[PDB]
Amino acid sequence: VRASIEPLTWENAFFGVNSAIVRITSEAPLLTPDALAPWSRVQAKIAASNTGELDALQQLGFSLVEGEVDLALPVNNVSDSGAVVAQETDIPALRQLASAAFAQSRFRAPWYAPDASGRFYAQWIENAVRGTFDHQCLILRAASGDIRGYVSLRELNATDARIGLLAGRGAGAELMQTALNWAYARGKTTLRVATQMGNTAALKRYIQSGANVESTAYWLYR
């Protein structure tokens, strides 16, 4: 296996770690134990179909962290769910929800500090509200005015949008409708969303809403 090793600059500043990511290409230097050695953490993402790469990376000391499924949904005029655009005043509530809901990502212990995953996704949802990572966060409210669901969205290109984060017990159908309507309004044909392999509730909901699988992957760390 040949691959470049490059620092994950953003994550390093955010987590306070010395981490890099492997990028497998024909032209890169040989991937060797010596090259990998000084890094506190190294990450690799590979297609789940590529058993050659899996074996090669396991023979360089990498372990499975999690599998990922990336799905796509056709976008049509589904009509709105009554969702509203999150405002700056919703940030504390959303950060709290997200930190609780996304504690078990690929930034989980023992790979990262116990609080790292919650911090990462609290920041993600805040950035969505502010429009600096995702473009918007959309919210559903209960009768009491409390948030019962949210979904963050961004435009990817001329044809595609992507769900960043999505959460809300019993609100899955409505949140998918919300995300598809947002994409439709922006002239997209395709709405993309990825989830962990283990997240059967999410997979089921995406498929119920019209998704099909586009790619599958493993994240492996050293």
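Throughout, we count residues from 1 along the sequence that is shown.
- For the segment pair 156-164 and 55-63, the entry gives 156-164 the higher mean B-factor, averaged over Cα atoms.
- Higher mean CA B-factor, judged across 25-33 and 169-177 from the recorded values: 25-33.
- Considering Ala109, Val151, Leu71, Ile147 together, the PDB entry gives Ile147 the largest C-alpha B factor.
- Placement of the Cα temperature factor of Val1 within the chain: highest third of the modelled residues, per the deposited record.
- Ranked within its chain, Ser105 lands in the middle third, by CA B factor from the PDB record.
- In this PDB entry, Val75 carries a Cα temperature factor that places it within the lowest third of its chain's modelled residues.
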